[PDB]
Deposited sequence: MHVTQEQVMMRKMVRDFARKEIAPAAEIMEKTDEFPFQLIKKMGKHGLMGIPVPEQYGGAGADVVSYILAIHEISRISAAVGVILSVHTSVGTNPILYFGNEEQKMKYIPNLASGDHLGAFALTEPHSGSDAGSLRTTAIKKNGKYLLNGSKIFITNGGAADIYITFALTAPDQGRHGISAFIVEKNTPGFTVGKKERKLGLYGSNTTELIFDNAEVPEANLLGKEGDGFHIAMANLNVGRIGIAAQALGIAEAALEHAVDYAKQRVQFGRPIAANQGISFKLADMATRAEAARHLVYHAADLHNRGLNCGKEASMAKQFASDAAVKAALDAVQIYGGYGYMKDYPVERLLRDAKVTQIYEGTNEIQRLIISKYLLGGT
């Protein structure tokens, strides 16, 4: 199942994702035609059961997919990763049978695209201190703003978090299935970022936004728990993204390595260079196992600490690629390594900054 998934995703990736990725780096435009295709090829709901219209696979297979896709494109990797793990799964895992049946099949097929609306200008690490309010009068009425929202403006469904009980803090947060055509719900301009060219990261404005009471992702007050619960599987995905990034750095670096001659010998013949390659390879084998064991735990097990470790390790390891080995050429947009640095750095920041991850990890230890 898994060996087959990997080969399927590798071939698709190389054939379809590779050309699209170069267009994304050049255009900075969300790959609407690619997403669609990935949808037809059954990539958009991989750890979703067949009941609700997905591929009926796991978890390792799903994370595996994200790993493989991220080799070729970190952007597409995060789009897929968010879509499923925090755009679809919250419904799958905390939603009711009616909602699962209404919302997931279109998400699974890829006819619909998923988003995760947690972060706010004032709340972003301290996600507990979010300010968006949801006041009920069988219609919830949402007010406030989100920031840095992956899949912004492409997305049809936004899993959105909003205060139902403001005088409780982290405990008074509820979670909502928000549809894109919601009356006072607006999307901000595409944010201009260091990297993940292609992605589509936007602000969201909620102005007395009318969200149906039935779209409450239940029950009221559970939202903070819902968020973090999924962010765990999400973080393994980010780690897998970081992994793919790092492998792409390595493979490119080896081949260039190797071919490129200076001082009468290929640059690789120099230990200054070869030792980097080995270090890259070693930290990538380290990262690999952190990621897949974390995903194997989740595939009924407490996996939170392991997922934090993976995210932090892979991300930091990935940034450690750095461009240098390509030399001057590596500083060039026409060559394939400069993107890996730009893209890498994100991995240390979102779905929980590495400062937070160390904090979380340390909390398990001091337990």
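Hey, which stretches of the deposited sequence didn't make it into the model?
Absent from the structure are positions 1-5, 143, 306, 329, 331-332, 378-379.
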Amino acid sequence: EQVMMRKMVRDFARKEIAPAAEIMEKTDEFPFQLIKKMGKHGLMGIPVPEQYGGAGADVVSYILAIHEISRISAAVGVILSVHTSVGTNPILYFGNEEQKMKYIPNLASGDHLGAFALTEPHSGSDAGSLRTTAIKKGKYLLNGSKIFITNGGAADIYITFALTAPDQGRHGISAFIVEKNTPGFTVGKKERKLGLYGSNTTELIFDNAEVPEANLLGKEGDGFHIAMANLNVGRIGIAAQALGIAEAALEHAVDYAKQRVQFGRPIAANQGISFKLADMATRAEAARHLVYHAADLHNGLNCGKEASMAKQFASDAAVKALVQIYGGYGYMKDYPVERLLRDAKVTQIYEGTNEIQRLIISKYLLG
From here on, numbers count along this sequence of modelled residues.
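Can you let me know which of the two, 7-15 or 351-359, has the higher average C-alpha B-factor in the entry? 7-15 has the higher mean C-alpha B-factor.
Inset, instruction - Compare the mean C-alpha B-factor of 287-295 with that of 273-281 as given in the PDB entry, and name the stretch with the higher value. - result: Looking at the record's C-alpha B-factors, the answer is 287-295.
- Going by the deposited entry, which of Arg342, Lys311, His41, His67 has the highest CA temperature factor? That would be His41, according to the entry.
In terms of recorded Cα temperature factor, pick the maximum from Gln324, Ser315, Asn302, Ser61. Spelled out: the listed residue with the top C-alpha B-factor is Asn302.
Which third, lowest, middle or highest, does the CA B-factor of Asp222 fall in along this chain? Lowest third.
Ranked against its chain, the third holding the CA B-factor of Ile46: Its C-alpha B-factor, which the entry lists for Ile46, ranks in the lowest third among residues of this chain.
query: When the modelled residues of the chain are sorted by Cα temperature factor, does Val319 land in the lowest, middle or highest third?
result: CA B-factor rank for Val319: lowest third.
Check your understanding: Thinking about Cα B factors across the chain, which third does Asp334 belong to?
Key -> For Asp334, the deposited C-alpha B-factor lands in the middle third.
Relative C-alpha B-factor of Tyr93, binned into the chain's lowest, middle or highest third
Its C-alpha B-factor belongs to the middle third of this chain's values.
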